[PDB]
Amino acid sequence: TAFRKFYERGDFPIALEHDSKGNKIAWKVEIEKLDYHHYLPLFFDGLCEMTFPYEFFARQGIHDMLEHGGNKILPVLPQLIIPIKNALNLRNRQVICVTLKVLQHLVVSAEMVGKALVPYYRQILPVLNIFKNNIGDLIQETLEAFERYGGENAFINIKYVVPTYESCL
């Protein structure tokens, strides 16, 4: 709940308003100008959120920042590993699915993010063994995204932590 304190704080960069026309979120500040060192880890701290107002602004917040972060995402990757780990370690199936879709987005959001994630497989991947078989196929699809964008060392490091992993493509 560092996000619950972030929420409705002053620095919170999203406008808390709902326009009927959709589910877009209104940014008070331009995403391009945010210091991702400060904001992206706070939004990832919301991956644990499941209560109604918070979970939406956490997820849509992460989505836009990853979609428009560009070269701001890689320099911040180290700061995201603890929030990712913590969300997954709840062993909540819904937090794990939201986090997995986010991890998929993470490794395609900018060059080298997928490769830079490899040294942290042993910190984030273990929980997925419990749920390795719809969560099972989402784990499989996520691990393939990791390997696809992970460089030459990706599979071996996925297999060390997920012994049952196999993937052609």
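Position 1 is the first residue in the sequence shown; the rest follow in order.
Engineer: With respect to the deposited sequence, is there a break between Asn133 and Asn134 in this entry, and if so is it 1 to 3, 4 to 9, or 10 or more residues, or none at all?
Structural biologist: In the record, 10 or more residues between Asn133 and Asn134 lack coordinates.
Engineer: Which of the two stretches, 26 to 34 or 51 to 59, shows the higher mean Cα temperature factor in the record?
Structural biologist: According to the entry, 51 to 59 carries the higher average C-alpha B-factor.
Engineer: Averaging only over Cα atoms, indicate whether 134 to 142 or 36 to 44 has the higher B-factor in the PDB entry.
Structural biologist: Of 36 to 44 and 134 to 142, the stretch with the higher C-alpha B-factor average is 134 to 142.
Engineer: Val98's Cα B-factor: lowest, middle or highest third of the chain?
Structural biologist: Its C-alpha B-factor, which the entry lists for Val98, ranks in the middle third among residues of this chain.
Engineer: Going by what the PDB entry lists, where does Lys85 fall on CA B-factor within its chain: lowest, middle or highest third?
Structural biologist: Answer is middle: the recorded C-alpha B-factor places it there.
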